[PDB]
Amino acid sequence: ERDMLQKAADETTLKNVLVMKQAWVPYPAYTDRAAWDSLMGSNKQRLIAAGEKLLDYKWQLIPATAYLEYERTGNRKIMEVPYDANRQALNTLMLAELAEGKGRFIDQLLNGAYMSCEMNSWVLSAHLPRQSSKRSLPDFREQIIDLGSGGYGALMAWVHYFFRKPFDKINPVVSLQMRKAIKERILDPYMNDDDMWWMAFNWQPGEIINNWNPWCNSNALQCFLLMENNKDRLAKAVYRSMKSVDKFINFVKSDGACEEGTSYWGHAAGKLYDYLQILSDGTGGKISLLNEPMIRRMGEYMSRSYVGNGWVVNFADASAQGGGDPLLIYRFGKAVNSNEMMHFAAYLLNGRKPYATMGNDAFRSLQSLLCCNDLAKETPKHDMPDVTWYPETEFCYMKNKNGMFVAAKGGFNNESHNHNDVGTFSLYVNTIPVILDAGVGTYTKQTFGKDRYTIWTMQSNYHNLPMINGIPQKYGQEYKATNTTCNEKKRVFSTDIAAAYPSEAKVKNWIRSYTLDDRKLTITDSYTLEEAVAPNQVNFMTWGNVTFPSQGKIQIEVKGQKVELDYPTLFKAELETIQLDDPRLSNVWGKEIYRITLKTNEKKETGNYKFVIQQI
């Protein structure tokens, strides 16, 4: 219960600081060709030719049967593809006409806007079952807001703001209806329906709030600031978006780690950031959380968790492969004064020139215009300290000069997208996974539910973890690490994973400890059991070529890297091959991967193992 935003202002404060009549819009006016030329630089011709290809574009009708197919077969794409084509056409024409200024694209902007007003709804087939009727087809009697409608509303606000004049010159009723549609589909429902899930009014501890709150709220807020010229209404609206987002900010951990991972960062942290930027601009700088430490951490997560050459930390049901918008990262980095994020944005560019964001997000498209020339000058670099410690999420990133990166975690087995992975580590060598976390497959008939933990990628059996008395971890809030510490100077991460195992495992403490020195990684296991029932087993997931030159030695050759894993001779090593039938896994790792299995005869109520990994 930080309630940051509410502390920064109440409703009456807010009435003073708001900027009315859209004097806050940072783009030059439409008819100011000189200012736009400057801002566009070299995007100008690129943007015009993109818009030239759309001079003859047929705006697409979305048939009732496309929406109805969601009920019939779960096919969302049949509705989503033409919708998205229409939005992107609309966004592209906007940029192209801001680029040229001659009115060559006004007809198609008008055509797009008028067709959009004629649609019953901007909500997606998939999200429409939240209406009273629960159906996948729009009910002209009701409007809700999802991710689609929000963005569709903000794109339309922006079209309306920018081309109100040439549109009224042609016919004043287009802009009139645009104001009607945005009022009816965004503004009126936003103020009148307390019960949309993503708003998190009538959230209770334990319910989830996720990226929808900052995403939806950011487009709502755009819509108010562009379209609502009554100051008392705007004040009440913005204060409502503040109370809403405050629930997202309170839900998130203060250390800034995204427990979902980097793939959702763009639209989580990144939408939170967008919201705050929009809020700031709209209050002439007066309600700005952009210098909040937590927000900055949330932005540098993306830097810290990006290992290299496409590989990312992938705790839980996330992909080992990952990316990022350089332009969003740059912009975010500027706003919270992270020289780190700014250099990292340049790094992701990887020698390519930054150009305008296209796609279907007006705010991101327009903003990317302003940051574009600075980013082309920034020096490409991925500097970050040797240790990153997220103490609430319980993630530790440690890296040495010789190209090893370890990600270890504590945590609990009820994380979002949870894997039973408490205490697990992943080792990258020069960015290449060597001891890996398999990650996400395509969502079968069990993914969500019990029977989730009968799938192998979700079991502790298939993470870099011991099986205690031959027993794996269990799922649930109760099943977690204790006394997780991180010594930032000695590069030592250490945690008791005992409570992450069920009663049968019969363990008091099991302390799993990671030490990174400059040359090598020492893994220790230190355990005291309530009864020695079965032998412990230890596992490591890997790929490439694996060999066993001698007892207590394994060698892994993967993607140019080559490593030695030294293991107690008390164990007998075997390799298991894991055919990858699921394309969502074989996309990443290829055809198969491997689990190294360490098994023993020894059974002791107390013991320790020392494992050592280095290059050769």
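One rule holds for the numbers: they count along the sequence shown, beginning at 1.
*Asks:* On average, which has the higher Cα B-factor in the deposited entry, 62-70 or 36-44?
*Replies:* Mean CA B-factor is higher for 36-44.
*Asks:* If you average the CA temperature factors over each stretch, which comes out higher, 372-380 or 331-339?
*Replies:* Comparing 372-380 with 331-339, the higher mean C-alpha B-factor belongs to 372-380.
*Asks:* I'd like to know which of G470, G112, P138, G153 has the highest C-alpha temperature factor in the PDB entry.
*Replies:* Highest CA B-factor of the listed options: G470.
*Asks:* For the C-alpha B-factor as written in the entry, point me to the maximum among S132, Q177, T388, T447.
*Replies:* It is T447.
*Asks:* Would you please rank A50 by its C-alpha temperature factor against the other modelled residues of its chain and give the third it falls in: lowest, middle or highest?
*Replies:* It falls in the middle third of the chain.
*Asks:* Lowest, middle or highest third: which one holds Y57 when the chain's residues are ordered by CA B-factor from the entry?
*Replies:* CA B-factor rank for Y57: lowest third.
*Asks:* Per the entry's values, where does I593 land by CA temperature factor relative to the rest of its chain, in the lowest, middle or highest third?
*Replies:* For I593, whose C-alpha B-factor we compare with every modelled residue in the chain, the answer is the highest third.
*Asks:* What third of the chain, by the recorded C-alpha B-factor, contains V25?
*Replies:* Highest third, going by the recorded CA B-factors of the chain.
*Asks:* Per the entry's values, where does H127 land by CA temperature factor relative to the rest of its chain, in the lowest, middle or highest third?
*Replies:* Answer is lowest: the recorded C-alpha B-factor places it there.
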